[PDB]
**Student:** 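My structure is below; once you've seen it, I'll send some questions.
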Amino acid sequence: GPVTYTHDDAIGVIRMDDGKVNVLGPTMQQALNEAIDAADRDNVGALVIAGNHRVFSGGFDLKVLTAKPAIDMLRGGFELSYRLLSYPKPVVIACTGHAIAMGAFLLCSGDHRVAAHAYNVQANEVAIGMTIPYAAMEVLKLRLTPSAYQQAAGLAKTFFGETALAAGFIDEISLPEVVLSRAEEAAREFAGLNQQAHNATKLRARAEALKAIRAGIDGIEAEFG
Amino acid sequence: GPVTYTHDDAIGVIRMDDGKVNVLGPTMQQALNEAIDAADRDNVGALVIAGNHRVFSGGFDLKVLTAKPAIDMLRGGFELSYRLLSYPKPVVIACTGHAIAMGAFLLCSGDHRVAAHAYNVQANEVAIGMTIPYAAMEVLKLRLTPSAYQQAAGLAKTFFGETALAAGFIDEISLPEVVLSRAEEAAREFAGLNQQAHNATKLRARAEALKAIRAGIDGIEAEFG
Amino acid sequence: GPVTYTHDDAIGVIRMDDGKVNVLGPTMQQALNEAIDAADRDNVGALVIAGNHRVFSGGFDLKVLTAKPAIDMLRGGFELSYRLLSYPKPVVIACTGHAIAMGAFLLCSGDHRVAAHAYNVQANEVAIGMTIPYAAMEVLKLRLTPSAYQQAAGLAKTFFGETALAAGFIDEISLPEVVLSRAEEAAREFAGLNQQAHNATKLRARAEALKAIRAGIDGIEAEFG
Ligand SMILES: [Cl-]
Ligand SMILES: [Cl-]
Ligand SMILES: [Cl-]
Ligand SMILES: [K+]
Ligand SMILES: [K+]
Ligand SMILES: [K+]
């Protein structure tokens, strides 16, 4: 399958690799959800989500998006963001290559985000004639600076490295060969925080956003129906 | 008149030059509105707003501000911000010199803002004994970082170059001799985005702010009446 | 006592030094409140709050926090933040060493915040098993970038120098030997702003946050009761 789950002492590691660009279609979404179910079963201290050697994720499966299967894929994508944003343990994203559209929203759904200098991060929807869904806007608004939010969304601006960090698309820049190892190291460090206080505090930090993402998930049919 | 409009293939270019500091009094406001009407008529792909060689704009005509003519000038200034923030095409600001008070709010009313390193950007109201209007606060809050918003507003802090960029007062720094040419280049690039998706997305990115600016415009009489 | 107040022409200067780490227990809180009362009596043009040579403040007195005395200390700490955030004159923080937990929230309660490169600023609550109070979250949210807010709160991230400045924990970096002198200089400069416009504008910039801090103060018993 397109997802590999490993349980490594204090952490769970989930690696996406569909042999292509890790599109978040129904197959990948199911595989991710099952992997997180496995982490839940193991009661991991922290969880790493990684891409493959060429990308984090290129986004949704656009063949599907281009009514019901498209709606289900959209809902499932944003439900995954919600699941990771409300995860009771720290979540670290190993952004192992570019993160585009739903890949960028997924990247913005973890607590700590590690990327290499060259990796592009872009909500390219407007450049290809798609309006950004309300749930995705809320995910962006939660992390981007006010001015980077405007440009990322309305102008499909591409960020990388220092601009991605300043914008709020990522939290740490690492050399490409250590993005995954550094994400795993960070996750081990974060598993040392008090879990109860971490979860209580992250939810306070995200209360309005999580409500609005839920509303955005509920309203998908009223946009792509 | 103080405004020149030119239609250049995919873009409209509006250049302010009253031979002084481009104060946004009733004459300039009418001239700007008529120029945007002309862009609307031409159905331009993107719109550039530029200052003159010495300033973007020094702000309102303070002789007028220092009840009804002052109220009308205030309302018209913030209505222009609203018009540009809700413009259905990309708007690029060529910040060709300093942008002070209403000039800064106008600067913050476009999608992409280009300035040179040396150009000061400042809401100087508090330094000269004026409370910042509610509509202007909303314009600032939409673009500035949380901490830069506090300082810009409450302390009349002056920004330029790297500090203006980090703060969220501008989006791009160019050499002074290419601010206008770079703004026009960017506008041509943005005219290539899908217009419908751009507009739908920018409005989602600005929904609350636009409502609050409207409320701030409506409440002007209750402050300067 | 642990607080020294001096009145120096246009400014008041309040210096914390309990001979240790300036914990914000009931004794320090009372001493701070009495010092601000003295500044109010003098109608100072601006107010400086400083730590000692080793710290700004290490936070609350954790012996007390580890029900009623803990509730009173919590309420009083956040009431001090509210008092400084709504102060009608400019408030400058001389962050003379590290600022941890309530020390960081106090640091975030002034208009202009000066620190040296090496000084750590951290809400360490989650690292030591404490959930961050709602009033403290609102203080952080008012100043930190969206992404720095998430990390500061949920991951107990430590900031200093350029990262503290970019994050929105401080506004100015000075050499350690001039943090206090620079804070006093800045306060003199800010006393030159129009007081009435400063206060009217800062309150507009803080309206929602101040309401939410008040709600957070009121709800303390429902969390530590
Ligand atoms: Cl939607
Ligand atoms: Cl007003
Ligand atoms: Cl609380
Ligand atoms: K999308
Ligand atoms: K004004
Ligand atoms: K606390």
Side-chain angles (χ1 to χ4, degrees), chain B residues 59-60 62 78 101-102 104-105 108 122-159 163-169 205 209 211-213 215-216 219-220 222, chain C residues 46 84-93 107-114 121 138-149 152 159 163-173 186-187 189-207 209-210:
Chain B
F60 283 125
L62 296 184
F78 299 122
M102 186 67 227
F105 314 141
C108 286
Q122 185 194 19
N124 73 329
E125 282 78 351
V126 161
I128 72 163
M130 308 188 61
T131 297
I132 300 181
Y134 283 104
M137 296 293 285
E138 293 286 344
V139 168
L140 295 176
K141 196 174 83 161
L142 188 64
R143 310 305 277 275
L144 293 187
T145 63
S147 276
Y149 176 56
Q150 292 302 317
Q151 301 220 312
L155 300 176
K157 178 174 174 181
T158 297
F159 304 80
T163 70
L165 180 67
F169 260 131
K211 178 171 167 175
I213 294 172
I220 291 282
Chain C
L84 292 172
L85 282 169
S86 64
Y87 201 71
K89 319 295 178 65
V91 177
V92 181
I93 312 298
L107 167 65
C108 286
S109 305
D111 297 286
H112 185 67
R113 300 160 297 176
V114 183
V121 183
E138 293 286 344
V139 168
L140 295 176
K141 196 174 83 161
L142 188 64
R143 310 305 277 275
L144 293 187
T145 63
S147 277
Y149 176 56
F159 304 80
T163 70
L165 180 67
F169 260 131
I170 64 176
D171 309 289
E172 178 166 5
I173 300 169
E189 291 158 0
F190 300 142
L193 299 170
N194 183 265
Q195 177 276 311
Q196 174 167 357
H198 167 71
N199 187 30
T201 301
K202 79 196 294 171
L203 293 174
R204 291 171 183 202
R206 293 176 193 176
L210 286 167

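Computation of the quantities below employed the complete heavy-atom set of this structure, encompassing side-chain atoms and omitting hydrogens, waters and symmetry-equivalent molecules. Protein chains get the first letters and strands the later ones, always in sequence-line order, with residue 1 at the start of each.
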**Student:** Distance check, rounded to the nearest 0.5 Å: B/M137 atom CE versus C/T201 atom OG1?
**Tutor:** 6.0 Å

**Student:** Could you report the tightest heavy-atom contact between B/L155 and C/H112, atom names first, then the distance?
**Tutor:** CD1-CB, 4.2 Å

**Student:** To the closest 0.5 Å, what do you measure between CZ (C/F190) and CD (B/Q151)?
**Tutor:** 6.5 Å

**Student:** With chain C as the partner, which of B/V126, B/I128, B/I132 has the greatest number of non-hydrogen pairs under 4.5 Å?
**Tutor:** B/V126

**Student:** How far apart are the closest heavy atoms of C/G168 and B/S147, and which atoms are they?
**Tutor:** O-OG, 3.2 Å

**Student:** By side chain to side chain contact (heavy atoms under 4.5 Å, CB included), which residues pair with B/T145, not counting sequence neighbours?
**Tutor:** B/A148

**Student:** Name all residues meeting the side chain to side chain contact (heavy atoms under 4.5 Å, CB included) criterion together with C/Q195; count only those two or more places apart in sequence or in a different chain, and write none if there are none.
**Tutor:** C/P88, C/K89, C/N199

**Student:** What is the minimum heavy-atom distance between B/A156 and C/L193, and which atoms define it?
**Tutor:** CB-CD2, 4.4 Å

**Student:** When rounded to the nearest 0.5 angstrom, what is the spacing between CG in C/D171 and CD in B/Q150?
**Tutor:** 9.5 Å

**Student:** Any side-chain donor paired with an acceptor under 3.5 Å for C/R204 and B/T131?
**Tutor:** no

